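Fold and geometry: a report
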There are 2 protein chains.
Amino acid sequence: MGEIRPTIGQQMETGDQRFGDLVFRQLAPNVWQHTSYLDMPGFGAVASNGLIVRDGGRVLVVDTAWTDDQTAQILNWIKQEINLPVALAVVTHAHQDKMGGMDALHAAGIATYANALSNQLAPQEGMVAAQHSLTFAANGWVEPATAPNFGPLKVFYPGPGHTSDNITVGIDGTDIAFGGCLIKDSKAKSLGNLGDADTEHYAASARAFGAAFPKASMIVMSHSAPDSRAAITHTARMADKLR
Amino acid sequence: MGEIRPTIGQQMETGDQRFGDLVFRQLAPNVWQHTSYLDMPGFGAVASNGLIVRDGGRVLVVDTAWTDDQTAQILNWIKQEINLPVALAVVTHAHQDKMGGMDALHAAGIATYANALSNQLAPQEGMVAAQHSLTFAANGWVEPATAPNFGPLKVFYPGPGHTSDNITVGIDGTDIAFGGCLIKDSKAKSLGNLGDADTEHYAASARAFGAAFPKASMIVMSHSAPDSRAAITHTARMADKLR
Ligand SMILES: CC1(C)S[C@H]([C@H](NC(=O)[C@H](N)c2ccccc2)C(=O)O)N[C@H]1C(=O)O
Ligand SMILES: CC1(C)S[C@H]([C@H](NC(=O)[C@H](N)c2ccccc2)C(=O)O)N[C@H]1C(=O)O
Ligand SMILES: [Cl-]
Ligand SMILES: [Zn+2]
Ligand SMILES: [Zn+2]
Ligand SMILES: [Zn+2]
Ligand SMILES: [Zn+2]
């Protein structure tokens, strides 16, 4: 009873934990997926997924929820279920699904990180910029000095795709990588919103993500349930059709 | 060059005809799918599909476009490219994607038909009601006296599903059946907007549609490309998980 059934996004499944207006799903002993819903009048809810990672003695969050209130709820769930400090949050680009609740993280005193470009785009996108800017080498790997204390979070800029600023994250010592809005599931009919997409480079960016995290057998993404690596292949092949 | 790439909906394929803001795809010698697009700010375009059917010296339309202007463009295209008059339109329920262009039909002097219930709901939905009401037998088939001169349009009310009023249409003399917004594609991760849905009866209504048109191999639907019968059965499996 009382199930959120989104118009866009995966439906609730056995194992999912309802907490307020959000859903949490444990993916590994120290990794959970957060799911928040934006209700659009006349259309219904759009689900958006991120990650919560317990690494040693702290929690690391990948992506905010759509709103400040939802993101405050994520922090309350973390406090309740895990009860370790949230050391940092990383956001995967400057769109509402990934960065809409930044004020809730800052209110909580949590150090926030995004691609420098995401921070530069934030004002234009109506997002609040993160505190800190990540920069990247020519091979796409984050410059370690800009990602202090990230631990198992390996951050990779795969090239422009869904947006110019999109980044991805692998979780060292797990079989999980996070593709955000760049990677769609292996059964997806479309690449979602292409309004900011780099149609020429998307395919290579998708394949670069797969090459960056060869250990990841569980691919987590923003608007589908976790999938196999066929998500990457299928995303790239869809993207091949754009060029 | 200059393709519409919707966020929700089929992509452009070889053979598609771009005409202003619309796309037409021939599905059979005497059947075309019309596609119109609604821009959702921040989300991108949402495709909606209906049908154009040639029956001898006249054309029959299933569903309006999202808007009056788009719907006027469909009528221009029928007039200019098919060169036959529209005898009537049948609209498949009282939402914008299916009925948002009613006034353009009426201004063109075209007789319109909808489920009586659709006409009753239309003003509550800000839609213009069709000029004529269809009624249905206890087994779902349209009452012939309410659908005069429908030629090959075989109208079936499958039961409440996507909405209480949703209707479906088979094309006699073809292997095509139209499920409107009731049926989702064979690989859909969701049933779309369930806000007005009858979650108890959806699965049986989807199966009723399949059973009404048991030989139809091409299943046309509102927001994806024409699919196999697995669209019907997958839709019913997804609906089974609502109950
Ligand atoms: C799910 C989307 C089609 S919408 C989302 C993003 N858009 C937003 O966060 C918008 N603020 C939004 C507006 C209206 C409804 C939903 C989202 C984008 O444009 O990439 N990510 C897209 C995607 O991941 O393909
Ligand atoms: C594509 C949709 C998810 S939206 C559409 C319909 N919604 C409308 O026509 C609304 N007027 C609308 C409002 C905002 C944005 C888009 C559509 C509905 O509620 O069934 N059909 C839905 C569906 O077929 O599942
Ligand atoms: Cl319920
Ligand atoms: Zn985005
Ligand atoms: Zn997204
Ligand atoms: Zn509808
Ligand atoms: Zn629809």
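Residues numbered from 1 in each chain as written, not as in the entry; some residues may be left out. Chains lettered and ligands numbered in written order. Heavy atoms only, no water.

Per the PDB record, this model was obtained through X-ray crystallography at a reported resolution of 2.01 Å.

Turning our attention to the coordination of the zinc ion (ligand 6). Residues and elements named next belong to chain B. Those protein atoms acting as donors to the zinc ion (ligand 6) are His 93 (NE2), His 95 (ND1) and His 162 (NE2), and they sit at 2.0 to 2.1 Å. The sequence motif formed by the donor residues of the zinc ion (ligand 6) is H-x1-H-x66-H. In this structure, the zinc ion (ligand 6) lies 4.6 Å away from the zinc ion (ligand 7). Here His 162 lies in the loop between β9 (153-156) and β10 (168-171) and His 93 lies in the loop between β6 (86-91) and α2 (96-99), a separation of 69 residues in the sequence. In terms of burial, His 93 and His 162 fall into one category: buried. (Donors = N, O, S within 2.8 Å, 3.2 Å for Na, K, Ca; no water. Helix = DSSP H or I, 4+ residues; strand = E, 2+ residues; numbered from the N terminus. Buried < 20%, exposed > 50% of the residue type's maximum accessible area, 1.4 Å probe, protein only.)

To continue, consider the UniProt feature "binding site: Zn(2+) 2" in chain A. Residues and elements named next belong to chain A. Per the UniProt annotation, the sites labelled "binding site: Zn(2+) 2" are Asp 97, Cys 181 and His 223. Separation in sequence by 127 residues is not matched in space for these annotated residues, since their most distant C-alpha atoms are only 9.7 Å apart. In this structure, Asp 97 sits in helix α2 (residues 96-99). Among residues more than four places away in sequence, those in contact with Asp 97 are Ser 48, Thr 64, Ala 65, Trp 66, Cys 181 and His 223. Relative to the helices and strands, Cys 181 resides in the loop between β11 (176-178) and α5 (202-212). Apart from the residues lying within four places of it in its own chain, the contact partners of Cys 181 are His 93, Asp 97, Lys 98, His 162, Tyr 202, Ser 222 and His 223. (UniProt positions renumbered as here; feature names shortened; annotations may be inferred. Contact = heavy atoms within 4.5 Å.)

Residue and element names in this part refer to chain B. Classification of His 93 by relative accessible area gives buried; the value is 1%. At 3.3 Å, the side chain of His 93 forms a polar contact with the side chain of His 162. Residues within four places of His 93 in sequence aside, it is in contact with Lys 98, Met 99, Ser 118, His 162, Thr 163, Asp 165, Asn 166 and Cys 181. (Polar contact = N/O pair within 3.5 Å; in protein donor to acceptor, adjacent residues only side chain to side chain.)

With that out of the way, let us pick up the sheet that holds β10 of chain B. Residue and element names in this part refer to chain B. Strand order in the open sheet formed by four strands is β9-β10-β11-β12, and the pairing between neighbours is mixed. Only two strands of the sheet have a single partner each, and these edge strands are β9 and β12 (218-220). Neighbour to neighbour, the strand axes of the sheet diverge by 25° on average, direction disregarded. Examined bridge by bridge, β9 and β10 share four bridges and lie antiparallel to one another. Counterpart to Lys 154 in the pairing with β10 is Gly 170. Helix α5 (residues 202-212) rests against β9, β10, β11 (176-178) and β12 of the sheet, and its axis sits at about 150° to β9. (Pairing = 2+ DSSP bridges. Axes fitted to C-alpha atoms, helices over the stretch in contact; angles between N-to-C directions.)

In this section: the site of ligand 2. For ligand 2, the set of nearby residues contains 16 residues, the closest of which are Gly 42 of chain A together with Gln 96, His 162, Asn 193 and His 223 of chain B. Within the side chain of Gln 96 of chain B, a nitrogen or oxygen atom sits 2.9 Å from a nitrogen atom of ligand 2. In this structure, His 223 of chain B approaches ligand 2 through a side-chain N or O atom, which is 2.9 Å from an oxygen atom. A total of 530 Å² of accessible area belongs to ligand 2 in isolation, and the protein chains cover 88% of it. (Near = heavy atom within 4 Å. Areas by Shrake-Rupley, 256 points an atom, 1.4 Å probe, with all protein chains shown as cover.)

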